[PDB]
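Two forms of a single protein chain come next, each set out by itself as structure tokens; they are called structure 1 and structure 2.
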Structure 1
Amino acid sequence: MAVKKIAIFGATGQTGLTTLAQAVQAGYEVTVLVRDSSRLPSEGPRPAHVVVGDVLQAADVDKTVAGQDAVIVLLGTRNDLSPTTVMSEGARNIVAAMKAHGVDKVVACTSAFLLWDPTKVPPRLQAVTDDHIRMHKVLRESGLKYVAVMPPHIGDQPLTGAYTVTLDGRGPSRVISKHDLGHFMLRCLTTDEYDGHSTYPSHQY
């Protein structure tokens, strides 16, 4: 039986916006949690349901996850590189809401640094990476069906749907377009082949 209803967390971010647009265009019934609805567009495809709130508030997350078939996580810290627990605490809330509502599939973005040599993270990105690691741990230990998406640099190239997905962080490039990353998150809703795996999408544009 196929996924029809999804929640997207981080839908207003760079990857989230295009994932949201793609998901709605593809026929999903999409719910988003946003702190600030002005960051959603008017033009283009529109989510079916908007919850205004914060991933750090369990009740807001619970309302967003209720009734879904799957969850996509595209949380991040925008240009804030300071020490942080937002993503991992958000993930804890997401896991608890999934378990409370019977939702068993989550596709969540961290970064290719979690596949590459862990001693080879630029210093300025280490604090954010440490919270990606905490988030990955929360999701992997949840025992839910979890696809770990670990992209390299997120670019602005057009959608292709032609990227390569490896399991080890090696591949044709160190870039994935935001649009292709979103397309891949959606693909993960219609296969089990990546459940319990780490995935590395990349493409030469």
Structure 2
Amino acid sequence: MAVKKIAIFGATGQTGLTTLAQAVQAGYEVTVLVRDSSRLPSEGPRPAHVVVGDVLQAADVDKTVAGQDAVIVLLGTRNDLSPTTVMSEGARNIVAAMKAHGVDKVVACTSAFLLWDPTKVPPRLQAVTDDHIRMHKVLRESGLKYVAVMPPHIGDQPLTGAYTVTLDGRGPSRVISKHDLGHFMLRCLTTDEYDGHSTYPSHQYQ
């Protein structure tokens, strides 16, 4: 494995949990950053390394990024649609840590709304989308090998590995399962073909 040690940010979240499970099964040595109050469930798969802290603390992000081959970012605000900078400021700390530690590959999830006409983004999601836009700018400007993953609705359908990946535009379906989205984040570790592109994974579950 050319990529074997990875940091996952957001591993306790909807997509992070299945991404972690798939990564451990695939043989990755995974380091996670978890907030003190929200640890990984005791029954689930165990990462190799756990850092307890906050993506808003440069020190905690540095500890998580040190020694890795690549970074997966699945940060979010769960059900909370309020104005926030946690994703963009978290990305700022991640970029600084990758540069300091010689890590180049970052696969980071924002949203397909970054490929929408802004006048059609639902107003209830505008505040979160605003921080996705801020995040994407931070990562694009970093000069790192950045894969911008921009999914549409994240659903509960199965892992298929059969989804479409649309480059630099909206794809033909409006859903991706959380399991397939995690599968795609990990696929991006094994190829350079999506570096510098936006990617829209989607599938028809049938």
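What we label the rigid core is the largest C-alpha set whose atoms superpose within 1.5 Å from one form to the other. Shifts are known only where both forms have a C-alpha. Counting starts at 1 and follows the sequence of structure 1.
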Against the rigid core, a Cα displacement of 2 Å or more between structure 1 and structure 2 applies to just one of 44, 161, 143, 27. Which? 44
Taking the rigid core as the reference frame, is the Cα of residue 53 displaced by 2 Å or more between structure 1 and structure 2? no
Classify residue 172 as shifted (yes) or not shifted (no) between structure 1 and structure 2, where shifted means its C-alpha moves by 2 Å or more with the rigid core superposed. yes
Once the rigid core is superposed, tell me how far the Cα of residue 182 moves between structure 1 and structure 2, in Å to one decimal. 0.1
Once both forms share the same rigid core frame, by what distance in Å has the CA of residue 119 shifted between structure 1 and structure 2? 1.8
Rigid-core superposition between structure 1 and structure 2, with residue runs of at least 3 whose C-alphas all shift by 2 Å or more: 36 to 39, 41 to 45, 168 to 172
